[PDB]
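Have a look at the structure below before the remarks.
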Amino acid sequence: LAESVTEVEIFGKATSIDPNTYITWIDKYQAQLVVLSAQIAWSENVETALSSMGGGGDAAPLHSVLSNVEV
């Protein structure tokens, strides 16, 4: 779980994910671990975006997180 989270953090902090690396990462780890790592990455991403949005809607990273989810 620690290793897969370390990998999926690097995956999340990026745009235009290369299919090959994503497939290799999925094959490397177990189903529960890959799902849980995706969940952890999204949770910490949203927490960081909300923390950076203390003042208000100005400069909101949530659009970046949502776009990453779409990619």
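Readers should treat all values here as calculations from the given coordinates under stated rules, not as data from a laboratory. Heads up, the Cβs are rebuilt from the backbone with ideal geometry, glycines too, and the neighbour counts pull from every protein chain shown.
Kindly establish whether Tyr29 is among the aromatic types (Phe, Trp, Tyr) and free of Cβ contacts under 8 Å to residues at least 24 places away in the same chain. First the steps, then the outcome.
Values: among the aromatic types (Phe, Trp, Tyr): yes; free of Cβ contacts under 8 Å to residues at least 24 places away in the same chain: no.
So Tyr29 fails the test.
Using the structure shown, decide if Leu1 is in contact with a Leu (Cβ under 7 Å, 6 or more places away or on another chain) and not acidic (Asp, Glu).
Details: in contact with a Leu (Cβ under 7 Å, 6 or more places away or on another chain): yes; not acidic (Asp, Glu): yes.
Judged against the criteria, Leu1 is a match.
Could you grab me the full set of residues in segment 14-71 that are in a helix (DSSP H, G or I), among the charged types (D, E, K, R) and either within 15 Å of the chain's Cα centre (by Cα) or over 21 Å from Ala2 (Cα atoms) (or both)? Before you say what the answer is, go through the steps one by one.
Going through segment 14-71, the residues in a helix (DSSP H, G or I) turn out to be 19-28, 31-52, 62-70.
Adding the requirement that they be among the charged types (D, E, K, R) leaves 27-28, 44, 47, 70.
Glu44, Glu47, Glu70 - these are the residues of segment 14-71 that are in a helix (DSSP H, G or I), among the charged types (D, E, K, R) and either within 15 Å of the chain's Cα centre (by Cα) or over 21 Å from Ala2 (Cα atoms) (or both).
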